[PDB]
Enquirer: 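Starting off with a structure, shown below.
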Amino acid sequence: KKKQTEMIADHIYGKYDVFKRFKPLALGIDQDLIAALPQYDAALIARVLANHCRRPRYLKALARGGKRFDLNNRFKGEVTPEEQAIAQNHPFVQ
Amino acid sequence: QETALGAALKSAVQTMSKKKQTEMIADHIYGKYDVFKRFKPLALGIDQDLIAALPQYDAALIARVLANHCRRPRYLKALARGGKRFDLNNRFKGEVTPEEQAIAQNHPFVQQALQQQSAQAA
């Protein structure tokens, strides 16, 4: 498992810009990641995402706010005030 | 003794103090709205709903009370619990996303609060 996920992520941060550059991610990017990657498992694709969203860098991107982005780096929704404020007050961010 | 006009005059006068207006807003909100009293996940745009429903109070101090409320461990713990969000009328409106839920779940204040909550059960 861990050998694979380690490779799975490696591929994502390498293929998709939105993950490489830590932009707030579109709602439902899990379904899109699994759909776009049949080559992997649908819960270890999800695991790699869980890891990403807890990194201080992602929290900081949330605190910054603005639009969210889909796998093709297009605006799709945005960060809400409530989520932006929780990210800003977070122990990793303040 | 006291008139309706009299009571409203006294209230208006009291609202001139920022600290006093802030206590009044919180008491109003926790007293009137079950979604606040019970710390349910709040719908998108609740800030605007509160502002519209409370014209007797400054929008800025309303936002402040709201932001105080969402910073409380008990609120984060509610976000960690997840499920639906609720509007001012205690009706379903939207939900807590997996991302919001995971962030609240890993929040230090929740790690504490969840540990306390279960130690009060034991």
Side-chain angles (χ1 to χ4, degrees), chain A residues 24-31 46 49-50 53-54 58-59 62-63 65 68 76-94, chain B residues 21-122:
Chain A
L25 298 174
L27 249 315
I29 200 68
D30 41 40
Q31 289 304 65
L49 172 62
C53 283
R54 52 197 244 106
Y58 190 73
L59 291 181
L62 255 22
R68 293 189 174 265
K76 195 177 180 123
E78 74 233 62
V79 184
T80 69
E82 168 183 308
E83 7 177 281
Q84 187 178 19
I86 292 162
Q88 284 178 348
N89 306 321
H90 194 278
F92 284 138
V93 176
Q94 199 163 257
Chain B
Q21 186 173 164
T22 303
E23 286 158 5
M24 291 161 75
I25 293 175
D27 293 350
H28 180 89
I29 275 162
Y30 284 111
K32 171 171 184 167
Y33 296 112
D34 271 71
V35 296
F36 284 90
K37 174 191 285 99
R38 287 128 72 125
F39 286 82
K40 298 177 152 185
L42 300 168
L44 175 68
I46 211 76
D47 64 303
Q48 297 295 320
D49 298 331
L50 282 175
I51 283 166
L54 309 180
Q56 70 278 43
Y57 293 129
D58 295 314
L61 298 183
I62 291 172
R64 194 191 277 189
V65 172
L66 176 61
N68 274 311
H69 171 91
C70 296
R71 264 191 250 103
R72 300 178 60 174
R74 182 169 175 193
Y75 190 69
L76 298 177
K77 195 155 56 72
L79 292 186
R81 179 180 162 180
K84 294 280 184 176
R85 296 179 176 267
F86 292 73
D87 64 20
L88 283 189
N89 294 327
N90 229 328
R91 298 210 171 248
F92 291 161
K93 184 172 173 183
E95 46 272 320
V96 178
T97 59
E99 155 192 307
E100 304 165 334
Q101 183 171 30
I103 284 158
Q105 240 157 41
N106 303 326
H107 202 288
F109 285 81
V110 170
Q111 302 295 241
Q112 192 178 31
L114 256 40
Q115 283 198 167
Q116 293 170 334
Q117 179 170 286
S118 52
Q120 335 217 279

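Chain letters run A, B, ... following the sequence lines, proteins first and then strands; every chain starts at 1.
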Enquirer: With a 3.5 Å distance limit and no angle check, can you tell me whether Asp58(B) reaches the backbone of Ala60(B) through a side-chain donor-acceptor pair?
Expert: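 No, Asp58(B) side chain to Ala60(B) backbone: no donor-acceptor pair under 3.5 Å.
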Enquirer: Kindly give the heavy-atom pair with the smallest separation between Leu62(A) and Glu99(B), and that separation in Å.
Expert: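 Closest approach of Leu62(A) to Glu99(B): CD2-OE2, 3.6 Å.
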Enquirer: Check whether any side-chain N or O of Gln94(A) sits under 3.5 Å from a backbone N or O of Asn89(A) as a donor-acceptor pair, and report yes or no.
Expert: no
Enquirer: Can you name the closest pair of heavy atoms from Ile103(B) and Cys53(A) and give their distance?
Expert: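 The pair with the smallest heavy-atom distance is CG1-O, 4.2 Å.
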Enquirer: Heavy-atom count check: over 12 atoms from other residues, nucleotides or ligands less than 6.0 Å from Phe36(B) CZ?
Expert: yes
Enquirer: Can you establish whether the number of heavy atoms outside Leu44(B) located under 6.0 Å from its atom CG is more than 12?
Expert: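 Open.
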Enquirer: Can any side-chain N or O of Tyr75(B) pair as donor or acceptor with the backbone N or O of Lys40(B) at less than 3.5 Å?
Expert: no
Enquirer: Under 4.0 Å between a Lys/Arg side-chain N and an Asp/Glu carboxylate O for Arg38(B) and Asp34(B)?
Expert: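 Salt bridge flag = yes for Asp34(B) with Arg38(B).
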Enquirer: Please evaluate residues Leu49(A) and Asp30(A) with respect to the criterion side-chain contact (heavy atoms from CB on, under 4.5 Å), reporting the C-alpha separation (whole Å), side-chain torsions for both, the decisive distance (0.1 Å), and the verdict.
Expert: CA-CA 8 Å; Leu49(A) 172 62; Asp30(A) 41 40; 4.1 Å; yes
Enquirer: Looking only at atom types and distance, does a side-chain atom of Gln111(B) sit under 3.5 Å from a main-chain N or O of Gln105(B), one as donor and one as acceptor?
Expert: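 Flag set: sc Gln111(B) to bb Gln105(B) pair under 3.5 Å.
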Enquirer: Show the nearest heavy-atom pair for residues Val96(B) and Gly82(B), with the distance to one decimal.
Expert: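 Shortest heavy-atom separation between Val96(B) and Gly82(B) comes out as CB-CA, 4.0 Å.
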Enquirer: Cation-pi check for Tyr30(B) against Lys37(B): NZ or CZ below 6.0 Å from the six-membered ring centre and within 45 degrees of the axis, yes or no?
Expert: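 So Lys37(B) doesn't make the cation-pi contact.
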Enquirer: List the steps, then state whether side-chain contact (heavy atoms from CB on, under 4.5 Å) holds for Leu42(B) with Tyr33(B).
Expert: CA-CA 11 Å; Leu42(B) 300 168; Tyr33(B) 296 112; over 6 Å; no
Enquirer: May I have the step-by-step check of side-chain contact (heavy atoms from CB on, under 4.5 Å) for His107(B) and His90(A), ending in yes or no?
Expert: CA-CA 8 Å; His107(B) 202 288; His90(A) 194 278; 3.8 Å; yes
Enquirer: Would you say NZ of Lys76(A) has more than 12 non-hydrogen atoms from neighbouring residues, nucleotides or ligands within 6.0 angstrom?
Expert: no
Enquirer: Give me the atom names and distance for the closest heavy-atom approach of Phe86(B) to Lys84(B).
Expert: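 Heavy-atom minimum between the residues: CE1-O, 3.3 Å.
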Enquirer: So does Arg85(B) pair up with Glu95(B), basic N to acidic O under 4.0 Å?
Expert: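 So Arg85(B) does not pair with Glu95(B) through a salt bridge.
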Enquirer: For the backbone of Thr97(B) and the side chain of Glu100(B), can you confirm whether one donor and one acceptor N or O come within less than 3.5 Å of each other?
Expert: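 Here the side-chain-to-backbone pair exists.
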